[PDB]
Structure formats: structure tokens, C-alpha cells
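Same chain, two forms, each on its own as C-alpha cells: structure 1, then structure 2.
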Structure 1
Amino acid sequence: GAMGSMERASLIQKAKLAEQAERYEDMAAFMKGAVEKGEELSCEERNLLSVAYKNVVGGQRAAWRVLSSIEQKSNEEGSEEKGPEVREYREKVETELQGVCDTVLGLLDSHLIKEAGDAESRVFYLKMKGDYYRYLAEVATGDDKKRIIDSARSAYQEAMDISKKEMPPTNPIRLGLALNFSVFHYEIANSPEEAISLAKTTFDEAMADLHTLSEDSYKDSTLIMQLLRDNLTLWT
């Protein structure tokens, strides 16, 4: 690892500098090096890891969708043959996106998940596992697509079971997990009714638990609750 010679604390420090500089590739490389030191991650350090790769893969996904749309138009009735370049470049971006997903999943499997005992950490990592199998699913088209989808579902489901038993309905990780599992149902698993039912139930149960929270915790939950409301308005 190119980060093997840098102190763990220095990697965390530089990941925070990279975030301030919006250098998310650097941020992700620093946090990969931090994870590979072998120590568990703190709550703040987990957020740095997820934000870094979320932004990296986020830009790859947006570019993939631009290219895939161009590719789909090029294969319509009446479109002039432009050669293999559009497919080639879409495959280039797709392959880089899959490498990032494989890298995150490798970190979760070696060895973040197995050493995660507290609900907040274990649910967090299992959500990540579901997220990055979902991103693999968004671009999957071959003989392993169904197993990729089920790997996302399986990771999300174990996270859901833990979060419902160990976390209050307003916990931001529990809310973000449910939001994304609902998106998985709608966009990946062809289960729009399940996606809608999950978003409603999640929102309503969090609504009924807000009275227990301080002003700061109240603000934290409602931000993600609004995303649940946004998707319901989009979907209904």
C-alpha cells in the first residue's frame, strides 16, 4: 500500500484536508490507507470513509449514465453507425466504477465488518456493502446480475434487522439505510410497491419518535426524513 509508511493519524488529518479541498480521490486513498492499518474506525472516521467513496463513485455513476444514454440513442431506429467508440468509452468508465466498488467491498470484507460489534458501526458498514453492490447492480447486464442484486438485498436486509432491534427510529444511519433500501426496491429490484411501503413506514415511525430528541438531533433526523418525503412525492 502506497499509504503504508504514513501514520494513521496523518492519514486521517489529510483526509479531512482533502475533504475541505474537494479532492475526493485523495480523500478515499487516505481513508483506504487508514483502514489498512488494521484498527477499527471511530464514528467520525467512518463518515470520512463513506463520504470519500460516495463522491468518487457518485461522479463515475453520473458519467456512466451520460454515456449510457448516448449509447442507447446510438442504437435506436434511424441512428447513423458511429463505430465502437461510445461503447468502448462507456465500458472504460464502467470498468473504473466497478473497480472502486470492488475496492470498497474488499475493505468492508477485510476486515471492517467482522470486527464491527456495536450496532452503529455494523449497520453502517452493512449499509455501505448494500450501497456498493447496488452500484454494481446499476451497470450489471450479464450472467451474474441476479447474484449481484441478491448480494445487495442480503446486505441491506441484515442491516435493517439489526437497526430495527438496536437503534431508535430516528437514528440517522437507520434512516439513511431505509431510504437506500427503498431506492434499491424501486430502481434495482423492480418492486416499486415495496419501495413506497418502506419509505412511508420509515417516515411515519421516525415522525412519532421526534419528541424524544434534542434540537440538534431533531435537525439531524428531519434532513433525511425529507428525502424519504421527496421520493414518495416523486413515486406517487
Structure 2
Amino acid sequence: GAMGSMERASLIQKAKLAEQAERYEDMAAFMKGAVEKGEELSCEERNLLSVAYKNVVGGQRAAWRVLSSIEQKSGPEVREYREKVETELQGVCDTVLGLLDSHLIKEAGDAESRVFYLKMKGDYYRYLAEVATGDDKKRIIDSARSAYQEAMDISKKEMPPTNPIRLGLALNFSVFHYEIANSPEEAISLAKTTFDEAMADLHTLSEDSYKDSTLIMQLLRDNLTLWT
């Protein structure tokens, strides 16, 4: 790609500069270039990739929601511009999903990174699902569920129930069930089981881990309260 001629280490350095400058499209492009070098990502690098694209897609999602709200209240212009933003958002999600399928997931060297990437695959199919319609939406929903479920299977075998990545996966998968798949009972069951299984082990954690885990447990609780 456009970053093919730049050293991997230079791309990582420039991603960090872009973050300091709040230039998230640049940050994402640098991180894409780094992924495309074909080497695994460290934990810090995975987080850089996720932060960069979350900022990009997050801005597009917020704009799409503004435009969709105007459209629903309402010539063809609002629809056309909503569709333009929608196509750009779909492009970014397709880019992220392409990095995960080629080849971050299959090259992930440990269970934690594999769960991180399968969760991310679920998340980006979920973002697609928010704007999809008809048969395409149904396929996207099934793809999201399959990625999340694979991540769940690995995290139950390989990670303790208080592990923050495992907890965040369960949080986002339960949001998927509720907001996307019209499965509130699955959402509640998953959040509840995850909350209880983590609570059982909170006393074994250090001060920092306790804070990390109860932070995400509190995010599960907020959703349960909204849902229950």
C-alpha cells in the first residue's frame, strides 16, 4: 500500500506522533501500514491500532447518527449525504476487517491476542450491522456473532474470568445481542454470567487488577440496569 516503502519502526513512531497531534486518520493509516508488514503486533501496537480506527469509525458513526436523525425527521439531499457518510464508514470497517482476516487473527501467537482480534472482528461487523439493511444485514449479523462466539470459546478455555480482555469481549458481545440481534435475553444472560463469574475471583486480585476488573464489571452493570 501507500506505506509499503516505509520501515515498520518508522510507521509505529509516526502513529504515535499522529496520536499526539490528534491526527487519527493518519494514525490509522500508519498502523495499517505496520500491520501490512506481516509481523505480529505487540500489546502496545494492538492498542494503537484499535485506538486509531476507533477514533476514525467513531467520528463516522456519530456523523451517520446525526444525519440519520435529520433524515428521519424529514429533497434527496439528506439521504444522499447520509449514504455518502455510510459508504465511507463501510469502507473503514472493510479495511479493518481485511487486516484482521489478512492475517492478524490467524497469526496471533497467544490466546489473549487472538481473542482481542476476534472481538475486534465482531465489533467491526457490528458497526456494519448498525447501517446495513435487508439480507446484507442478516449476513453481517451472523458474521459478527460467529467472530464473537469464537472469541468467547477461546477466552473461557484460556483466560481467567476477571481478565479485562475477556470481560470487554463479553460486554461488547452482550451489546451485540441487545442492540443488533434483538436478543435481550441472551444479552442479559451473558452479562449476568460474566459478572458473577468475575465477582467470585475479585478477592484474588491485586489493587490494580481489582480496579481494572470492577471498572468493566460496572460497565456490564450499567447495561443490565438499562436492560433489567
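Each form is matched to the other, and the largest set of C-alpha atoms that superpose within 1.5 Å is called the rigid core. The first residue in the sequence of structure 1 is number 1, and each one after it adds one.
Trainee: Superposed on the rigid core, does the Cα of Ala18 end up 2 angstroms or more away between structure 1 and structure 2?
Mentor: Moves: yes, 2 Å or greater.
Trainee: To one decimal place, what C-alpha displacement in Å is found for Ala208 between structure 1 and structure 2 with the rigid core superposed?
Mentor: That residue's C-alpha is offset by 0.9 Å.
Trainee: What Cα shift, in Å, does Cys43 show between structure 1 and structure 2 once the core is superposed?
Mentor: That residue's C-alpha is offset by 1.0 Å.
Trainee: Using a rigid core fit, what is the CA shift at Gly117 between structure 1 and structure 2, in angstrom?
Mentor: With the rigid core fitted, the alpha carbon of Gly117 is displaced 3.2 Å between structure 1 and structure 2.
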